[PDB]
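> Any chance you can model this:
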Amino acid sequence: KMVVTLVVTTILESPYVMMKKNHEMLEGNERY
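Numbering: from 1, shown residues only. See the structure here:
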């Protein structure tokens with residue numbers, strides 16, 4: 001074919017940053 005040549009940290013405190021429901025299923029940025 002064409003041969004082309006040339007963060008935010010937190011803590012596990014309950015009221016501050018808690019893990020919401022289904023944390024194991026949906027984990028990542030939209031988890032806490």
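
> rest of the way, CA atoms for contacts and neighbours
OK.

> Export stretch 12-28 to CSV, keeping only CA atoms.
Only the C-alpha atoms of stretch 12-28 are listed here, as CSV (Å, rounded to 0.1, in the frame of the first residue of the first chain):
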residue,chain,number,x,y,z
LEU,A,12,-10.5,7.3,51.5
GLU,A,13,-12.4,9.4,54.0
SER,A,14,-16.1,8.7,54.1
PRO,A,15,-17.5,12.2,54.0
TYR,A,16,-14.8,13.7,51.7
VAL,A,17,-14.2,11.1,49.0
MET,A,18,-16.4,8.0,49.2
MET,A,19,-16.7,5.2,46.7
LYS,A,20,-20.2,5.2,45.1
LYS,A,21,-22.3,2.2,44.3
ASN,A,22,-21.1,-0.3,41.7
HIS,A,23,-17.5,0.9,42.3
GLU,A,24,-16.1,-2.5,41.2
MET,A,25,-18.1,-2.3,38.0
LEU,A,26,-17.6,1.4,37.2
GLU,A,27,-14.2,2.4,38.4
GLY,A,28,-12.0,5.3,37.4
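
> which SS class is residue 25?
coil (DSSP: H, G, I helix; E, B strand; the rest coil).

> State the distance from it to residue 1.
According to C-alpha to C-alpha, to the nearest Å, residue 25 stands 42 Å off from residue 1.

> and those two? which has more neighbours close in?
Using other C-alpha atoms under 10 Å, the more surrounded residue of residue 25 and residue 1 is residue 25, with 8 against 3.
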